[PDB]
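Need the 3D shape of this:
(3 chains, ligands or ions: 3)
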Amino acid sequence: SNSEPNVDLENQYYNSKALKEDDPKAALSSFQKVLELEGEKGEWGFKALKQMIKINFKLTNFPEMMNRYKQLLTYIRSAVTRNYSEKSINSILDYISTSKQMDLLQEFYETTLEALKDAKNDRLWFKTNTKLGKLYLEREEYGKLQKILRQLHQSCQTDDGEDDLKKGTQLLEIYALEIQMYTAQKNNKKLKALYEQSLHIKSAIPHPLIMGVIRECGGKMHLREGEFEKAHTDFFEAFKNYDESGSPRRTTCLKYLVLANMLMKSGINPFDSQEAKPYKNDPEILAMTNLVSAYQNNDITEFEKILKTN
Amino acid sequence: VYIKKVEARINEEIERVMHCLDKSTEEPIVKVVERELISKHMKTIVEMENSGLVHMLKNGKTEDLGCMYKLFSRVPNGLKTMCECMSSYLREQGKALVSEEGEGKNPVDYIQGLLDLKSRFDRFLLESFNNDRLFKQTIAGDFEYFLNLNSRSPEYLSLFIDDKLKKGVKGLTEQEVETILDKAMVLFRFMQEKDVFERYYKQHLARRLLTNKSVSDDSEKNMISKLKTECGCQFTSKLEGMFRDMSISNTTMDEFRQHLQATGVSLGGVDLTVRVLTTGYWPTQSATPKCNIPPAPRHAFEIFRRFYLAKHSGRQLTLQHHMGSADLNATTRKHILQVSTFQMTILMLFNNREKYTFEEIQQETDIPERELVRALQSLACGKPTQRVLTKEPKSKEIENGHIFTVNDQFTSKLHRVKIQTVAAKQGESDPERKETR
Amino acid sequence: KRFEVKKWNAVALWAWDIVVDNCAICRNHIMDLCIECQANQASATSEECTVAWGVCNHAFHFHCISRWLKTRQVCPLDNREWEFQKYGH
Ligand SMILES: [Zn+2]
Ligand SMILES: [Zn+2]
Ligand SMILES: [Zn+2]
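Numbering: from 1, shown residues only, chains lettered A, B, ... in the order given. Ligands and ions are numbered 1, 2, ... in the order given. Shown next is the protein structure:
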């Protein structure tokens, strides 16, 4: 196929990249000269600006880092593909997240928010809110998380309705944020409401972690009511999602699946091929494995001994 | 001009009868007169073909269709033949466009040309027919008829989406991109033998992802959302897991990056971004070959395999060469080359010792079949004036005893210069592709 | 050297292997016949008793899952409808 991008621009950008390991003051001027000589839109200059932010964040240079990020925000909506742009931006957001200047983190976030609003790119503005939302749940903040959830929900009404038919993808993130919200609060009334609202309209392509979290709440709700088949199914998918992603809660979710599997009065073994293999011999799961072995063998004396021992 | 004249005749007749006669005076006269005038004139004028119904629709006369709809609606059995003639014209237009005879038609242009026809007819329906249900039913039924005619069509359809997704320059705004693909699947619904279409659709979505990244992301999830809304589970869910495994790849690397932050890696592992996918969604390319690995990647793969077998026990990895890329730093300046995990073995042997031939790379490499030849020719055969692997017996065909050299090619002064001629004839046509079909 | 590799972006595929275990319906093993083949039939001549692989990547004896499909059809390890994607190992 081939397509002549530019001969001079790529040379000068990588020349500055070769000078990155040298003194930045000469390199950053060289990167700026690339941007001035960039002229036409800067797929390479976008990389140069991305590298400049990475370099400046090393030597604690925020003032122009966000000002050039605003240039990147305008650079998002000109030529660069959405896939590369938000992957670059997500890496920028993750790279800023490395330090602990949380004030600068959210100043970066709020500048990101309104910029993506302008170019009708609420797709990434939703993702940044989800990125900011997940961070909020980790440190238990709800004052602005609720505002985010309302704004994300506000972007999701089709005026008369409260949901779209393609933003069911978005409602996955919205409810997953709310699932973790009421996990700490232990609000069973909202937990079922979230799950019921989720189930019907969430039908879409989810992120594996989101699906596992949604199903994990459903298994808890079903177990707290009495349904064993539904709780077992929800724990099954949540553990399946955890395996693909790699969340540490997979072992804890497996314990949920084992208990639900034993509660439905079925001799079926909930390890099989789904629960890999080594998880049977895991020290935190070996006690559960012994419970399954005693449950299948109907050894009440051995079962009760394991209950008291562990 | 007759339709305007008869409309005026009705208007003056109804005006006279309500003002010069008694109060009601309208039911018997109007119905019989309207029925006779409309029935005979419509039949005799469409045979004449002198700017009748088919001609006044071909040139795009919005007013003529609008006045015809508002007049023929009063007489029963008028819309029935109106849609029948409209469907017949659509059939004639469809056959002249879905014609299969003649090779050399662009699949992207074929759908796009037909796509404009659907939008043009929809615009006429909205502007003139006032969104009549009968007209919508007939065009929907007609579109179901002429779209599933040819056999070689699901293959062409999947290529149309591939062109749209590969590059978005044509209509940079996502609204134009999404509209083209929105009503494109309207054509998809009117297609029987979905199994053969799915298999073609499975294969090319891999082809979209396995060459270059940075397609769209956000709309890629969006176009998947419409996919599950319209098709079903079994064949489509496999696709939705492929892009899901792409998310699995980076998330698995997020854990791998955490290990990179904790433990520093030596020269075997300077700069690695490995990827982890599941075989349950991503099909095998051709055979998952078993070629050799350069020593620096050998250590990197060994470290990753050891890490994956220690902290991620319960699954073992299989190495392959028909996937990925690399950045080969060459060295008057230092320009980094690019090899898509095909020439890495060939260049590594050259670094160990130059002046090799086809026999050298086929005896001490455990190299697969002609896919080597197609990969080998990516550096020598069919190359522009940016050659990174030259030979003295320059020929299109690849012989056995030919020596390879290297050229500077300062015309390729690009510190990261990429070789995009890797594909070339990878998916060639005729040799052994039709016989296995 | 003249050419040195700095970056590499290979893709490492993983597949659940050593899927030997137990046909959970028969509780004997993934192979070595089933309860309907070691306790039920005695002749076992011109017989088969293969494995049965589904869309959800689960594995059972062909005899065990087919008989389980009489009453229920929901793959008792989940709520999936258990399409039949393969037979044998
Ligand atoms: Zn069995
Ligand atoms: Zn059997
Ligand atoms: Zn299953």
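
What are the buried residues along the helix or strand containing residue A:292?
Assigned by DSSP states H and E, residue A:292 falls within helix A:283-297. Residues A:285, A:288-292, A:294-295 are the ones in helix A:283-297 that count as buried (16 or more other C-beta atoms under 10 Å in any protein chain shown). Bear in mind the C-beta positions are built from the backbone N, C-alpha and C, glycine included.

Count the neighbours of residue C:83 for me.
If you count neighbours by other C-beta atoms under 10 Å in any protein chain shown, residue C:83 ends up with 12.

Do I have it right that it meets residue B:234?
Yes. Contact status for residue C:83 versus residue B:234: in contact at 6.4 Å, counting by C-beta atoms under 8 Å.

Spell out which residues are contacts of both of the two.
With contacts taken as C-beta atoms under 8 Å, 6 or more residues apart in numbering or on different chains, residue C:83 and residue B:234 have residue C:55 as neighbours in common.

Mind checking what secondary structure residue 120 has?
You didn't say which chain, so I picked chain A. Classification of residue A:120 using DSSP: H, G, I helix; E, B strand; the rest coil returns coil.

re earlier: distance from the following helix or strand past the helix holding residue A:292 to the middle of the chain?
Proceeding N to C from helix A:283-297, the next assigned helix or strand is helix A:300-309, under DSSP H and E. Taking C-alpha atoms, centre = their mean, to the nearest Å, one finds the center of helix A:300-309 at 40 Å from the center of the full chain.

Could you check the angle the helix holding residue A:292 makes with helix A:300-309?
Relative orientation of helix A:283-297 versus helix A:300-309 (axes from the mean of the first three to the mean of the last three C-alpha atoms, to 10 degrees): 160 degrees.

helices or strands up against helix A:283-297?
helix A:250-263, helix A:300-309 (3 or more C-beta pairs under 8 Å, 6 or more residues apart in numbering or on different chains; DSSP states H and E).

ok, now which ones touch the spatially most central residue of chain C?
Centroid-nearest residue in chain C: residue C:59, 2.1 Å away (criterion: C-alpha atoms, centre = their mean). Contacts for residue C:59 (C-beta under 8 Å, 6+ apart) come out as A:272-273, C:19, C:21, C:23, C:30, C:51-53.

If it is in a bridge, with which residues?
Taking DSSP bridges as the rule, residue C:59 bridges to residue C:53.

Quick check: it vs residue C:72, distance?
Going from residue C:59 to residue C:72 by C-beta to C-beta, to the nearest Å gives 18 Å.

Check residue A:20 too.
From residue A:20 to residue C:72 the distance is 63 Å (C-beta to C-beta).

And the two? Which one has more around it.
For residue A:20 versus residue C:72, the count of surrounding residues by other C-beta under 10 Å is larger for residue A:20: 17 against 9.

Give me the contact list for stretch A:39-48.
By C-beta under 8 Å, 6+ apart, the list of residues contacting stretch A:39-48 reads A:5-6, A:9-10, A:13, A:16, A:31, A:34-35, A:38, A:49, A:72, A:75, A:78-80, A:85, A:88.

Return the set of buried residues in that stretch.
Neighbour-count burial for stretch A:39-48 [16+ other C-beta under 10 Å]: A:42-48.

from the residues you listed, which is closest to residue A:162?
In terms of C-beta to C-beta, no member of the buried residues of stretch A:39-48 lies closer to residue A:162 than residue A:46, at 37.2 Å.

in what helix or strand does the closest one lie?
Secondary-structure element containing residue A:46, defined by DSSP H and E: helix A:43-58.

Take that helix, keep the C-alpha atoms, and write them as PDB.
Presented in PDB, the C-alpha positions along helix A:43-58 are these (Å, rounded to 0.1, in the frame of the first residue of the first chain):
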ATOM      1  CA  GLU A  43       0.600  12.800  14.200                       C
ATOM      2  CA  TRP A  44       4.400  12.800  14.800                       C
ATOM      3  CA  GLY A  45       4.200  16.100  16.700                       C
ATOM      4  CA  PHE A  46       1.400  14.500  18.800                       C
ATOM      5  CA  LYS A  47       4.000  11.900  19.700                       C
ATOM      6  CA  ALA A  48       6.500  14.700  20.300                       C
ATOM      7  CA  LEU A  49       4.100  16.500  22.600                       C
ATOM      8  CA  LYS A  50       3.300  13.200  24.300                       C
ATOM      9  CA  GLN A  51       7.000  12.600  24.900                       C
ATOM     10  CA  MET A  52       7.400  16.200  26.100                       C
ATOM     11  CA  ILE A  53       4.700  15.700  28.700                       C
ATOM     12  CA  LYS A  54       6.500  12.500  29.800                       C
ATOM     13  CA  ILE A  55       9.800  14.300  29.900                       C
ATOM     14  CA  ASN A  56       8.400  17.300  31.700                       C
ATOM     15  CA  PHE A  57       6.600  15.200  34.300                       C
ATOM     16  CA  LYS A  58       9.900  13.600  35.200                       C
END
